[PDB]
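Asks:
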Amino acid sequence: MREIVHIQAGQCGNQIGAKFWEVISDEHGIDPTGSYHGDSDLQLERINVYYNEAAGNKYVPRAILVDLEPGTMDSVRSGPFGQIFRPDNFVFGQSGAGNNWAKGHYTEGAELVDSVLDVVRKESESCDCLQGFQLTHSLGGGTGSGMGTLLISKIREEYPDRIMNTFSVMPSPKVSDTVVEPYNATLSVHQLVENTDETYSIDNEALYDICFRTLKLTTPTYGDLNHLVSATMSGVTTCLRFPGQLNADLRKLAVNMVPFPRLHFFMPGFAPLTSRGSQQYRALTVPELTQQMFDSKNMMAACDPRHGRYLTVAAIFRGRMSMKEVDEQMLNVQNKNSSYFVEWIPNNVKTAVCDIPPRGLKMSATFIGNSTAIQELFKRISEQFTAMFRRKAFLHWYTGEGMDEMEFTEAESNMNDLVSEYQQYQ
Amino acid sequence: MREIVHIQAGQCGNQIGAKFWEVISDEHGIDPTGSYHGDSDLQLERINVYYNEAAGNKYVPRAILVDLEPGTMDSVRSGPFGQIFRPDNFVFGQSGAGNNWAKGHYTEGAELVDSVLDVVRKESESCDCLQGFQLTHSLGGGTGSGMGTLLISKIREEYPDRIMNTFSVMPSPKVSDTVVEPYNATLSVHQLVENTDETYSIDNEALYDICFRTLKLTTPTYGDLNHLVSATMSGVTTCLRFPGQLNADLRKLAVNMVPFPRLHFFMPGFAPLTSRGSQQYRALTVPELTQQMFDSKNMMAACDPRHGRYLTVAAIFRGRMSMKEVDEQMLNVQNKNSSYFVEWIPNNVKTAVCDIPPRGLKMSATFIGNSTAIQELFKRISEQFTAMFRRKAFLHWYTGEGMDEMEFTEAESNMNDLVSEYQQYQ
Amino acid sequence: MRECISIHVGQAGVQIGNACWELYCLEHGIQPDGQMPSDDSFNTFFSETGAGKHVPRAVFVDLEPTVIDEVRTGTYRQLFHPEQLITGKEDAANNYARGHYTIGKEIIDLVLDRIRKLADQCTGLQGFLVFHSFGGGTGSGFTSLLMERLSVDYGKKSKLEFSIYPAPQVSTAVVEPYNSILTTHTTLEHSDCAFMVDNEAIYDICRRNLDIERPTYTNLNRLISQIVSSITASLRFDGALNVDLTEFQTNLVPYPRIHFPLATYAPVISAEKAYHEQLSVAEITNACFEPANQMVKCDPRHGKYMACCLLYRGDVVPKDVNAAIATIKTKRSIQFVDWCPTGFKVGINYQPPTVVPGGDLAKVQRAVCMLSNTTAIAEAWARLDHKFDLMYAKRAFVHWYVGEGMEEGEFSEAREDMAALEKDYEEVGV
Amino acid sequence: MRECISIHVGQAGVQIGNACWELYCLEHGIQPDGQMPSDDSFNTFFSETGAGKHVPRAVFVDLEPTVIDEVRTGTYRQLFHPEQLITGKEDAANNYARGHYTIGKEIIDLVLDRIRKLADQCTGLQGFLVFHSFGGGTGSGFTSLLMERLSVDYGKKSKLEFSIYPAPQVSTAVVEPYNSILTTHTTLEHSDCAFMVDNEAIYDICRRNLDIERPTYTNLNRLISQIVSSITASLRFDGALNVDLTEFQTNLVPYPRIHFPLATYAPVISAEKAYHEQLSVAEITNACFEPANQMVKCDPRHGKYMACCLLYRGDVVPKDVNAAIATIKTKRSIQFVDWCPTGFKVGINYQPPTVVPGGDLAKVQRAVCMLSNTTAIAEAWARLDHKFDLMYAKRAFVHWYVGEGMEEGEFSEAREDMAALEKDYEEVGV
Ligand SMILES: CC(=O)O[C@H]1C(=O)[C@@]2(C)[C@H]([C@H](OC(=O)c3ccccc3)[C@]3(O)C[C@H](OC(=O)[C@H](O)[C@@H](NC(=O)c4ccccc4)c4ccccc4)C(C)=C1C3(C)C)[C@]1(OC(C)=O)CO[C@@H]1C[C@@H]2O
Ligand SMILES: CC(=O)O[C@H]1C(=O)[C@@]2(C)[C@H]([C@H](OC(=O)c3ccccc3)[C@]3(O)C[C@H](OC(=O)[C@H](O)[C@@H](NC(=O)c4ccccc4)c4ccccc4)C(C)=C1C3(C)C)[C@]1(OC(C)=O)CO[C@@H]1C[C@@H]2O
Ligand SMILES: Nc1nc2c(ncn2[C@@H]2O[C@H](COP(=O)(O)OP(=O)(O)OP(=O)(O)O)[C@@H](O)[C@H]2O)c(=O)[nH]1
Ligand SMILES: Nc1nc2c(ncn2[C@@H]2O[C@H](COP(=O)(O)OP(=O)(O)OP(=O)(O)O)[C@@H](O)[C@H]2O)c(=O)[nH]1
Ligand SMILES: Nc1nc2c(ncn2[C@@H]2O[C@H](COP(=O)(O)OP(=O)(O)O)[C@@H](O)[C@H]2O)c(=O)[nH]1
Ligand SMILES: Nc1nc2c(ncn2[C@@H]2O[C@H](COP(=O)(O)OP(=O)(O)O)[C@@H](O)[C@H]2O)c(=O)[nH]1
Ligand SMILES: [Mg+2]
Ligand SMILES: [Mg+2]
């Protein structure tokens, strides 16, 4: 019944993933041992979406863990929930990706993908009815960007009709840790625009802006950023895991969210978000949950939506709430902000409403914005890329893996084609 | 009532045999003294299949133990179960086979076979209705390869209608301990193709690959390889020792398994197999038990069956299970993998189902594959043989025993005839 | 005699069904386990088994498990037959073509044979009651697959159809205009009387009449079910002027394709208001001709009435009803067509409206459901085909429908057929 | 008077027998030790000795010990006479020629000696009930050795035969097509009515009706026995229209070689559905004409019916049955041949179906067993002779049969004789 297969690639993908498994195990009431300890039958009713039953009523999450280094497997396996995963689904190399896309895609991960893909088969053939693949990775560095998009290509060719749904942490100028970030991302977005059915674009600059200007965290770690990402990952699948007044499968999102095939690069968000010193003073009610959710400060990519227009927004609400109040607020937003929505679509907002809010919240909304403003995330990458590529800077590390200089020309060409298609509807 | 006579030859045959007697004594609940100490009447009901009853309710195994050296008899007789065998059934020489087939077949074992064969008569005359002979040996070295195939020839001539069923550990290039292994095996396979009704091809390379990839053993001994072999030996006779929903005698296997008379070289395997650290992450049920049982990594010969097609597979299940579920899975396998089964046979899978699973398992399945891929096991031996023989290397040790060079030409001629018959149906 | 098979499709149809069967059980005094403590009044909606258990003449169908697995687990799990609750593996994704061509294509065989096993169990059969969303993928595509089959297998039998239809402003989906326009062939060719209802109109009725500031769907479905109880009450109970399900159609439907009546109910009222006004036959009759009580956001004064069925129930008398409709004929703002000089079909039934004990709606001695064929409803079609035109001029979502086996030309062929219905309702007003 | 000798051959026949005798003991109130606490109703199936012990009129035969040694050790060890549980030393190895020529050649004159000692205790023996697998070596080869003897020794006596037959996809053996085709001479020449049953069809009945997701053989045998209790019920009990075992054949069999009826049973239902279900005579009659309830995977709509025996049992009345078969004659999808204008033989018996207390099958006031001669069954033969053709074109396993004393030409002579039966069932439909 609508099983999902989840795949983690590189350090970032395994870190946002290993936090996501702590979040959905709290929701479904599963112990770090893999045993069930929850309150409610609704927690157990759809546990098959993300888990397998195993002998003695222990539960095994349907995750594949992929890396070219042992050290992130060692960090996950030793971690808060590391004992939950199947020991055979940790698939890894020894020598890393060197922050090189071409090592991921052609050498170090091309060796390993035969050992990954045959585990993705054992999980997918154990499904009753697979709905899709849920892949966590980063577009900077070499493992997530280059091996993760190799793996997307292999799973897309093998499962052409299932949903391919990716959560993609990606480069930005003011929060960067790699010299060759622009190259790796431009080579990787060239695979995402063709193969994925949805890609949720996420930025460490926007995840630090939520931590500083909304949560007011004094020293936000990567563990705090991974918690913001994984809240929206739990959010978008909620309607296949819990009952609701309006149910929306990942495919019911895609049909409403993607007007033209390639315009599937979304921008997520979450509500409520408060400082722990101000939760005492705020109402979680749908109008306040909405005024936050559409705020340019709340979204998890650097794109101010005021520099574009939304094609579609989806608001996946959770909690006991009025359909009049939800339908009123999703109307009031796109009429009072009508200059920020495309006027050849007569209603730009999809709504969904689940009966079960997150543990310790009375209400939640997960936001998905398909916005022409997303052009500014691909443009700033492509312009960082150009200044390095025109002088062939660092290309001996990629051409040493047998990659052509023509493949950089062709990836940047396909990046400008993706920018052109979002600018066209603006 | 369908008695079996079991015969052990050389070091390997006596080692896989002396472990096999520890396994079937645990099943039948027989103490290392030879006294019955089991739980259940079903353990005692068919004890006569492998044992003679004796005074004081001691049970003596119907084994003949054959070697050209005393040192393996001394190692078995002093071993975990050594006291159980009949002192008269240890038949041995003093000077060994020198790893020479011609010493086994013409000199050292030709002296001894008159003293072996007259013990095989005492055990076969003590049977109520003998169904067959179960011979354990290796095709490398000289005792198992050359004396064991002398003994097959003598028992075949004397008992032409009884099942001759052999378990045959045989050479491979990456795990080898003898220079003259290719000569000994080629001279020995020439006897197996004509005389045996079934031969179960087993490889030390494949038995180590099962220890490393799927059992994840830190250091595998020969004692751990002998445990994998003896699990499948206990497997295939299960249906004449225990009750079941579908009973299959060794002859009911042969009629279904052997389309054309000479195509009887099988490739055994066993399930479940699982590392001692990963048992908690598993479901034992027939759908999961099947997806291991047909994995190229689980079969006990070096052949990947994906380099050929199966003629026949037999799956001898054990445990309390559904016939719908077994018949569903044995259908789903050969329809979803239809390119790996011959398409002039309308169903390639035999099934059998015993009501009594191995002690400490809820289910087990023993796999027997007749596959055109076994050509790779005879091709690589014939190609090692050819290189030594093209320059007559080591042949003074064989021609010194009065063997002709014409017998090497004729054995490798008959080996290529066996390869051509498996390649024909591919 | 007088059976109805009730088919509840997609989330909207199943959730209206979960209110319909909540009401019918109270109204006939059937427990939620299907037993009846202590006349054949239940026979239209329930099959009686020899064990003394009343099993509903319903089918619930959804292409995904979630909503029917909730029916299989809640208070009505004991009522329904375990395989009249039918579920697939895969959601229709608000895509008509998944409902009609790709996913519903598999489950249709199971649905149609479970309908056969109801129809062969009815001693005579009055019609079908089909409940669905116009905006859904299962709602539009599976209902249109099912109706095409029922219209060859049961060609004589009346197919009454209750549709939650897209609003002027309130919407839950981007592709709601595409699914609704593709449905217009179903209602035109394979339906006999189609009751359009609107979420935004009931939300406004709830705000003004029930005093509930922010309603859920449970409040809406308790109004949508009350109409079908009042349509069927003459089939189930004694009355002064009972109306048969075809007698209804012979007065509602002036022309073969002009079978889209409005519906409304009175008194919709809060229990706190209902003490301070007397709610006479004349008051509740006049309430039905207010724009404020129409359950589609269109104004009846921008139309002409062709025919009205005033289906009264409870403590009403033919004196009062004739005296009431005489005042409606006197008012010049309520305009009938020149060719319908009679105008009104009256039904009167002795059974009051049942109150759902958890509901927002008052106990009242009397109600009326007015079902009304009027030219005004063409504006609710003119709204939605203007939403369709903006998106089809871009082909704005068309690859999801073409990708699941639909012909691209069906969008033009559906917008064309809707323009011919919107023509027919303008043509007969003159 | 009215005896039957039941012969249970190979593993399938013995394990069906272990269900049959589990049923007959409950239905006659005989303990598993053969005693009877407190009418001659048992006399068809049990001889009575002066101790007050009822001993079954059964022979159990297997060429290997394993399955009958389990009957000699389980709860029925005290039911059977110890020398009518008959075993050899050597398995037949799924090889027809071991069963017929080599191994069964030794046990046959002992099997006949028991059948003689049973027939000499009968007084007007009604017939034989022979249970076997078509795919087995003992099932095909030993049954065909035995039937050839019984057809010279007891030439007048009716030989009814219950066969587990190979499926479209489900199979347990590679050589199942060879053993089945070699059996076709047995059924044609030395049998009087042969009831083919399929494991894959009962597995699907179990899945859809009983909701048992993963059944064993014990679940199949508890339906195959329920058919033979319903065939024999008129021989054992009072009824409105009892049917004799030759009266049955005079209505089933239109032509000497056309004696391969389908069989089906209704209701197949479990306790969770019985309470919601209708279970009238008209419903359990219509369930026999659904493809979903046929116990061979072939579609009756791809055939024409020659004759149906509707053998009702429990609380039915001839009014209801005539009214039910009148609806079956009305439905144009259920097509009889032009030359059988009567079509239906009806039997009605006052004894309800017994519940085995460990079983999935529910307590029900009524059942019907429909036994039905139809042209459709020729497709189950067209499946299997296409499996035979692929293997015989290679001689794919033929050395095992030629090696055990069979003529190689018998494979051609058996495929030839099957093509003449598959011709005869196509020829009479016209
Ligand atoms: C008493 C009270 O109101 O406690 C709140 C709280 O104070 C606030 C500040 C919480 C709190 O969030 C944080 O501290 C935080 C810090 C960094 C990054 C992200 C969150 C909270 O920790 C987070 C926690 O949320 C949950 O437990 C959800 O179920 C959440 N899961 C987890 O956070 C989680 C943590 C550890 C292990 C497993 C799960 C979730 C969200 C989406 C989908 C599924 C689950 C909640 C409500 C609270 C505290 C406890 C203070 C907030 O988070 C959420 C998602 O509600 C941050 O702003 C909101 C508003 C809340 O008012
Ligand atoms: C608590 C528990 O579940 O223990 C299991 C166990 O953990 C696992 C890992 C066992 C274990 O297997 C091994 O350690 C092993 C090592 C090298 C070669 C072969 C096996 C086990 O030792 C093996 C042992 O198997 C048996 O006892 C069988 O009856 C077996 N006979 C023997 O192994 C045996 C050993 C000593 C003396 C006499 C017999 C058998 C196999 C085929 C046919 C007949 C009998 C079992 C169930 C287990 C342990 C104990 C951990 C496994 O083996 C079997 C045959 O089940 C290896 O993968 C399976 C899965 C089991 O879960
Ligand atoms: N009144 C009311 N309207 C509902 C209810 N449930 C859904 N709707 C309406 O249904 C319309 C959309 O149809 P869906 O609910 O998506 O229909 P569906 O058949 O389940 O669609 P699919 O998921 O694609 O199969 C929206 O406009 C909702 O307002 C309900 O319980 N009551
Ligand atoms: N329903 C049912 N089918 C059975 C049963 N046992 C065996 N079968 C069917 O029997 C067929 C094969 O015949 P065998 O069981 O091998 O018959 P056999 O006579 O014992 O064959 P031999 O061992 O060669 O003597 C298979 O297709 C099985 O599905 C049983 O108890 N019930
Ligand atoms: N949110 C988040 N970002 C991370 C984390 N670890 C690294 N990143 C950031 O995103 C990039 C991820 O690249 P990385 O995963 O190291 O490359 P890979 O291991 O080769 O795939 C880094 O440059 C960091 O800026 C993490 O735990 N969480
Ligand atoms: N599995 C297994 N293989 C063995 C064992 N002992 C030896 N072998 C291997 O298989 C070959 C057996 O030959 P061997 O039995 O020594 O020759 P023989 O004594 O003359 O018959 C050796 O070369 C080893 O590689 C054992 O205990 N178990
Ligand atoms: Mg739906
Ligand atoms: Mg048998």
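Protein chains in written order, with the entry's author numbering: chain D, 1 to 44, 47 to 360, 369 to 436; chain B, 1 to 44, 47 to 360, 369 to 436; chain C, 1 to 38, 46 to 437; chain A, 1 to 38, 46 to 437.
All C-beta atoms in this analysis are idealised placements derived from N, C-alpha and C, irrespective of residue type, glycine included.
1. Could one say the Cβ of D/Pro274 lies closer than 7 Å to chain B's Cβ atoms, at least one of them?
2. Excluding the 5 residues flanking residue 437 of chain B on each side, which residues of the same chain have their C-beta closer than 6 Å to its C-beta?
3. Please identify the residue among D/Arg284, D/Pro307, D/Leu248, D/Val181 whose C-alpha is closest to the C-alpha of D/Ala317.
4. Does chain D have any CB closer than 7 Å to the CB of B/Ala285?
5. According to DSSP, is C/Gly321 helix, strand or coil?
6. Looking only at its own chain, which residues have a Cβ that is under 6 Å from the Cβ of C/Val177, when we skip the five neighbours before and after it?
7. In the DSSP assignment, the alpha helix (DSSP H) including C/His139 goes from what residue to what residue?
8. How would you list, in chain order, the residues of chain A whose beta-carbon sits under 8 Å from the beta-carbon of C/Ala58?
9. Counting only Cβ pairs nearer than 7 Å, list the residues of chain A close to C/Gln128.
10. Taking the beta carbon of residue 437 of chain B as the centre, do at least 16 other beta carbons fall within 10 Å, making it buried, or is it exposed?
11. Hey, how far is the Cα of B/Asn101 from the Cα of B/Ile66?
12. Near D/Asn197, what residues of its chain come up, given a Cβ to Cβ distance below 7 Å and the 5 sequence neighbours on each side ignored?
13. Roughly how many angstroms lie between the CA atoms of C/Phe135 and A/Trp346, to the nearest whole one?
14. Please state the DSSP three-state secondary structure of D/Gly148.
15. Whose C-beta lies closer than 7 Å to the C-beta of B/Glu110 among residues of the same chain, with five residues either side of it excluded?
16. Are there any heavy atoms of ligand 8 lying less than 6 Å away from the beta-carbon of A/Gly10, as far as the coordinates show?
17. Could you tell me if the beta carbon of C/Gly412 falls within a distance shorter than 6 Å of some heavy atom in ligand 7?
18. Hey, how far is the Cα of C/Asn186 from the Cα of C/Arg229?
19. Are the C-beta atoms of B/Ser280 and some chain D residue less than 7 Å apart?
20. With H, G and I counted as helix, E and B as strand and the rest as coil, what does DSSP make of B/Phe399?
21. Counting only the same chain and skipping the five closest in sequence on each side, list residues whose C-beta sits under 7 Å from that of B/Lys372.
22. Is it the case that the stretch 12-20 of chain B contacts the stretch 343-354 of chain B, given that we only count it when at least three CB pairs across the two stretches are under 8 Å?
23. Could you check whether D/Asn426 and D/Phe268 sit closer than 7 Å to each other, using their CB atoms as the reference points?
24. Mind checking the stretch 70-85 of chain C against chain D and listing, in chain order, the residues whose C-beta falls within less than 9 Å of any C-beta there?
Replies: Quick look at the numbers:
1. With a threshold of 7 Å between beta carbons, D/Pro274 makes no contact with chain B.
2. Absent from the structure is residue 437 of chain B, since the part of chain B shown begins at 1 and ends at 436.
3. Comparing Cα-Cα distances from D/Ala317 to each of D/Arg284, D/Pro307, D/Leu248, D/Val181, the minimum goes to D/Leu248.
4. Using a Cβ-Cβ cut-off of 7 Å, B/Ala285 counts as an interface residue toward chain D, since at least one Cβ of chain D sits closer than that to its own.
5. DSSP, read as helix, strand or coil, puts C/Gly321 in strand.
6. Excluding residues within five positions, the ones whose Cβ falls inside 6 Å are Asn206, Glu207.
7. For C/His139, there is no enclosing alpha helix (DSSP H); the residue is found in the beta strand (DSSP E) stretching over 134-140.
8. Under the 8 Å cutoff, chain A gives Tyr282.
9. Those are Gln285, listed as they occur along chain A.
10. Residue coverage of chain B in this structure runs from 1 to 436, which leaves residue 437 of chain B outside it and unanswerable.
11. Straight-line spacing of the CA atoms in B/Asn101 and B/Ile66 works out to 21 Å.
12. The residues are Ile154, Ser155, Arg158, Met166.
13. So the two alpha carbons sit approximately 40 Å from each other.
14. Correct three-state label for D/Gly148: helix.
15. Hits under 7 Å: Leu70, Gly95, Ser97, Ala99.
16. Distance from the C-beta of A/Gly10 to the nearest heavy atom of ligand 8 is below 6 Å.
17. Not under cutoff, so the answer is no.
18. The straight-line gap from Cα to Cα measures roughly 25 Å.
19. At a cut-off of 7 Å, the C-beta of B/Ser280 has a neighbouring C-beta in chain D.
20. Assigned with DSSP and collapsed to three states, B/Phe399 falls in helix.
21. In chain order, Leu286, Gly321 place their CB closer than 7 Å to the CB of B/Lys372, counting only its own chain and leaving out the 5 sequence neighbours on each side.
22. Per the Cβ contact rule, the stretch 343-354 of chain B is not in contact with the stretch 12-20 of chain B (fewer than 3 Cβ pairs under 8 Å).
23. Judged by beta-carbon spacing, D/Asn426 lies beyond the 7 Å limit of D/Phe268, meaning their Cβ atoms are not closer than that value.
24. Going along the stretch 70-85 of chain C in chain order, one finds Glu71, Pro72, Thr73, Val74, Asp76, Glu77, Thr80 with a Cβ nearer than 9 Å to chain D.
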